[PDB]
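Participant: Supplied in structure tokens, the structure appears directly below.
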Amino acid sequence: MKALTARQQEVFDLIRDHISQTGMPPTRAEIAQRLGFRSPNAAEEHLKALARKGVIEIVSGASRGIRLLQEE
């Protein structure tokens, strides 16, 4: 079940692409640099809506720590 809007679906793919092309999961400023979000306050809104749907787990403490629940 990948039932997502196109801007949320590209934020989910940036979790997989920063792991596969470097090694670490992305911050809200790294989400803003590839997609074009005007500040980290707009990049966090799709990141928390993906967790409310049940597809990604964000750690409360370390800024680069996002485990994907759906897909892998």
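By convention in this document, the chains of the structure tokens carry letters A, B, ... by their order, each chain's residues are numbered from 1, and ligands are numbered from 1 in the order they are shown.
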I'd like the contact shell of segment 55-65 of chain A - 6 Å cut-off, only C-alpha atoms, skipping same-chain residues fewer than 3 positions apart - returned as a PyMOL selection string.
Facilitator: chain A and resi 25-27+50-51+68-70
Participant: Do a neighbour search on residue 32 of chain A at 12 Å with only C-alpha atoms, toss out local chain neighbours closer than 3 positions, and write the hits as a ChimeraX atom specification.
Facilitator: /A:7,10-11,14,26-29,35-47
Participant: Between A:20, A:71, A:31, A:66, single out the one closest to residue 8 of chain A, counting only C-alpha atoms.
Facilitator: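 Of the candidates, the smallest distance to residue 8 of chain A is held by A:31.
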Participant: Expressed in Å to a single decimal, how great is the separation between atom CA of residue 3 of chain A and atom CA of residue 67 of chain A?
Facilitator: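 Value for the atom CA of residue 3 of chain A-atom CA of residue 67 of chain A distance: 18.1 Å.
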Participant: Could you please write out, as a PyMOL selection string, every residue of segment 14-70 of chain A that DSSP assigns to helix (DSSP H, G or I)?
Facilitator: chain A and resi 14-21+28-35+40-53
Participant: What gap, in Å, lies between atom CA of residue 21 of chain A and atom CA of residue 48 of chain A?
Facilitator: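 Pair atom CA of residue 21 of chain A / atom CA of residue 48 of chain A returns 23.5 Å.
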Participant: What is the atom CA of residue 6 of chain A to atom CA of residue 18 of chain A distance in Å?
Facilitator: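 A separation of 18.4 Å between them.
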Participant: Identify all residues of chain A in strand (DSSP E) (DSSP on the backbone) and supply them as a list in words.
Facilitator: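 Taking chain A and keeping strand (DSSP E) gives residues 56, 57, 58, 66, 67 and 68 of chain A.
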